[PDB]
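I have placed the structure first, in the form of structure tokens, so that the comments after it can refer back to it.
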Amino acid sequence: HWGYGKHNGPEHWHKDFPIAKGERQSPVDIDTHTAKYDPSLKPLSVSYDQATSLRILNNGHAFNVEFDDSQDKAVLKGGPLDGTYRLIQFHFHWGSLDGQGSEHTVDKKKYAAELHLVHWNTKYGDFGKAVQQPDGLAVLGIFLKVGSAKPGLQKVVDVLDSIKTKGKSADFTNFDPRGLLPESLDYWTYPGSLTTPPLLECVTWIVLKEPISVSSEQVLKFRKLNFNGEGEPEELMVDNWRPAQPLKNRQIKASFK
Ligand SMILES: S=C(S)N1CCOCC1
Ligand SMILES: [Zn+2]
């Protein structure tokens with residue numbers, strides 16, 4: 001099965017998922033000098049006040065914090081988007097070392113980790129239908145750098161001991177994802193894909209310019225998770241990122257000058 005090891009990692013995925021070599025794959029390098037300011041791009045609208053988190057799951061490649069997406073409780077609108085996209089889950093990608101871990105890069109710079117807040121277009125009714133559409137998902141990407149702690153992240157860090165291994169889940173109600181956002185909502189946007197198999201080309205990427213800072217202790221706790229199931233040899237869950245893919249026939253747009 002696919003993963004992030006030498007024998008099943010990103011260089012292998014194309015054999016099961018040929019779209020890996022497609023025309024709108026993610027992540028990409030964001031060349032800040034070549035991105036074009038688009039004065040027509042609207043401000044982003046992030047409406048998370050009514051968010052209802054439910055559960056946190058180690059799925060063997062990351063951990064997902066899952067939300068009730070059966071009503072418009074936490075939605076993303078505006079920016080490059082037409083219509084309303086509902087938050088279904090967030091997860092991260094991170095490194096074994098602070099100098100790597102993000103999937104997008106900025107002028108080839110790698111951050112320690114990258115948060116993905118995953119939303120689906122409500123005109124398609126459910127997530128499984130949305131991922132089959134070119135405008136099915138909107139993923140809000142946020143870079144993490146190591147420095148001061150992010151207080152709003154700590155409740156996530158503290159439950160990780162209870163979902164160490166693949167397939168473990170825990171109740172995770174009343175978590176407020178607003179605590180994960182930076183001050184600025186300035187962003188870059190481009191059309192792309194899921195960064196894990198099935199690599200579907202269904203995502204409008206919105207990547208925030210401003211990283212959040214997390215502490216060394218917070219990211220160290222991410223690195224104590226396991227890719228393996230309980231009772232299997234321990235494989236630390238680190239370096240669960242796909243490297244930058246060719247931009248091909250795409251232009252990255254900026255919401256800011
Ligand atoms: S944003 C990305 S990396 N995800 C979305 C949800 O399903 C797995 C892949
Ligand atoms: Zn992701």
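Start at 1 with the first residue, then count along the sequence.
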* To do: Look only at the side chain of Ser53 and the backbone of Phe175, and say whether a donor-acceptor pair between them is shorter than 3.5 Å.
  => yes
* To do: Could you please spell out the steps behind the side-chain hydrogen bond (donor to acceptor under 3.5 Å, both in side chains) verdict for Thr189 and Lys253?
  => CA-CA 5 Å; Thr189 182; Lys253 298 187 178 143; over 6 Å; no
* To do: Could you go through the side chain to side chain contact (heavy atoms under 4.5 Å, CB included) check for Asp31 and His33 one step at a time?
  => CA-CA 6 Å; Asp31 191 83; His33 284 294; 4.1 Å; yes
* For the pair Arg55 and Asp171, find out whether any cationic side-chain nitrogen is under 4.0 Å from an anionic carboxylate oxygen. => no
* Distance, nearest 0.5 Å, that separates CG of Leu153 from CG of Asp158 -> 9.5 Å
* So, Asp176 side chain and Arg178 main chain: donor-acceptor pair closer than 3.5 Å or not? -> yes
* Just checking, any donor-acceptor pair under 3.5 angstrom between side chains of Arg86 and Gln71? -> no
* Identify, with sequence neighbours excluded, every residue that meets side chain to side chain donor-acceptor pair (under 3.5 Å) alongside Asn228. => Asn226
* Asked: Would a distance-only check, ignoring hydrogens and angles, find a side-chain to backbone donor-acceptor pair under 3.5 Å from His14 to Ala20?
  -> no
* **Within 6.0 angstrom of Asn174 CG, more than 12 heavy atoms from elsewhere** => no
* May I ask you to check whether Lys110 and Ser102 show a side-chain donor-acceptor distance below 3.5 Å? => no
* To do: Considering non-hydrogen atoms only, spot the tightest contact between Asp107 and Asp29 and give its length.
  => N-OD1, 3.5 Å
* Quick check: are there more than 12 heavy atoms from other residues, nucleotides or ligands sitting under 6.0 Å from CG of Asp82? -> no
* From CA spacing to verdict: side chain to side chain contact (heavy atoms under 4.5 Å, CB included), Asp69, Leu87 -> CA-CA 6 Å; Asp69 64 347; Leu87 179 64; over 6 Å; no
* **NZ-CG distance between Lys257 and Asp186, expressed to the nearest 0.5 angstrom** => 12.0 Å
* To do: With the side chain counted from C-beta on, respond yes when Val75 and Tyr48 share a heavy-atom pair under 4.5 Å apart, and no when they do not.
  => no
* Any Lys/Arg nitrogen of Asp98 or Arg223 sitting under 4.0 Å from an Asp/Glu carboxylate oxygen of the other? -> yes
* Asked: Any chance NZ of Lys248 has more than 12 other-residue heavy atoms, nucleotides or ligands included, within less than 6.0 Å?
  -> yes
* Quick one: does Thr84's side chain get under 4.5 Å of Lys123's, heavy atoms only? -> no
* Side-chain touch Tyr85/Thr122, heavy atoms, less than 4.5 angstrom -> no
* Looking at side-chain heavy atoms only, is the closest gap between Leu76 and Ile206 below 4.5 Å? -> yes
* **Joint cluster assignment, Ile163 & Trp94, ILVMFWY side-chain distance < 4.5 Å** => yes
* **Rounded distance [0.5 Å steps], NZ in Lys150 versus OG in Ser213** => 8.0 Å
* To do: Could you check if a side-chain atom of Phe67 sits within less than 4.5 angstrom of a side-chain atom of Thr52, using non-hydrogen atoms only?
  => no
* Asked: In Å and rounded to the nearest 0.5 Å, what is the CD to CZ distance from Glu201 to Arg24?
  -> 6.0 Å
* To do: Answer whether the closest heavy-atom distance between the side chains of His116 and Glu114 falls below 4.5 Å.
  => yes
* From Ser169 OG over to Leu54 CG, what is the distance, rounded to the nearest 0.5 angstrom? -> 11.0 Å
* Quick one: ring-ring contact (aromatic ring centres under 6.0 Å, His included) partners of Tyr4, sequence neighbours excluded? -> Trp2, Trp13
* Asked: Would you say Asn121's side chain and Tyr124's backbone share a donor-acceptor pair under 3.5 angstrom?
  -> no
* Looking at side-chain heavy atoms only, is the closest gap between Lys164 and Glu234 below 4.5 Å? -> yes
* Asked: Between the main-chain N or O of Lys6 and the side-chain N or O of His12, is there a donor-acceptor pair closer than 3.5 Å?
  -> yes
* Is the number of heavy atoms from other residues, nucleotides or ligands within 6.0 Å of CD (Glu210) greater than 12? -> yes
* For residues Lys221 and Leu160, report the shortest heavy-atom separation together with the two atoms involved. => O-CD1, 4.0 Å
* What residues, two or more places apart in sequence or in another chain, satisfy side-chain contact (heavy atoms from CB on, under 4.5 Å) together with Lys42? -> none
* To do: State whether a side-chain donor-acceptor pair under 3.5 Å links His93 with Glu103.
  => yes
* **Straight-line distance of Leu236 CG to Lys224 NZ, nearest 0.5 Å** => 10.5 Å
* To do: Begin with the C-alpha distance, continue with both residues' side-chain angles, and end with the deciding distance and a verdict on side chain to side chain contact (heavy atoms under 4.5 Å, CB included) for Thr195 and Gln245.
  => CA-CA 10 Å; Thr195 63; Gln245 300 302 305; over 6 Å; no
* To do: List for me each residue that meets side-chain contact (heavy atoms from CB on, under 4.5 Å) alongside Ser96, sequence neighbours excluded, and say none if there are none.
  => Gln100, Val238, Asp239
* Using the rule that two of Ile, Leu, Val, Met, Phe, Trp, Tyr join whenever any of their side-chain heavy atoms come within less than 4.5 Å, decide whether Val65 and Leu57 are in one cluster. => no
* With sequence neighbours left out, write down each residue that passes ring-ring contact (aromatic ring centres under 6.0 Å, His included) with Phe227, or none if nothing qualifies. => none
* **Minimum heavy-atom distance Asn240-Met237, with the two atoms named** => ND2-CG, 4.0 Å
* Measure across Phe17 and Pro197 and return the closest heavy-atom pair with its distance rounded to 0.1 Å. => CE1-CB, 3.5 Å
* Expected output: side-chain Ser162 to main-chain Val159 donor-acceptor under 3.5 Å -> yes
* To do: Please tell me if the side chains of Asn249 and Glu23 come closer than 4.5 Å, counting only heavy atoms from C-beta onward.
  => no
* Asked: Are there more than 12 heavy atoms of other residues, nucleotides or ligands under 6.0 Å from atom CD of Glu232?
  -> yes
* Does the separation of the ring centres of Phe222 and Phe63 fall below 6.0 angstrom? -> yes
* Asked: Mind checking who shares a hydrophobic cluster with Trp120, ILVMFWY linked at side-chain heavy-atom distances under 4.5 Å?
  -> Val28, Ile30, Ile88, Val106, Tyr111, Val118, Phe127, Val131, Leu137, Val139, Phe143, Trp188, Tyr190, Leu194, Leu200, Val203, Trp205, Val207, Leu247, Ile252, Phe256
* Structure fact -> Between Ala62 and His91 the two heavy atoms that sit nearest each other are CB-CB, 4.4 Å
* Asked: Are any side-chain N or O atoms of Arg250 and backbone N or O atoms of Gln25, one a donor and one an acceptor, separated by less than 3.5 Å?
  -> yes
* Stepwise side chain to side chain contact (heavy atoms under 4.5 Å, CB included) test for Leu115 and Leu144 -> CA-CA 7 Å; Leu115 167 59; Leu144 282 60; 4.0 Å; yes
* **Minimum heavy-atom distance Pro10-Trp241, with the two atoms named** => CG-O, 4.2 Å
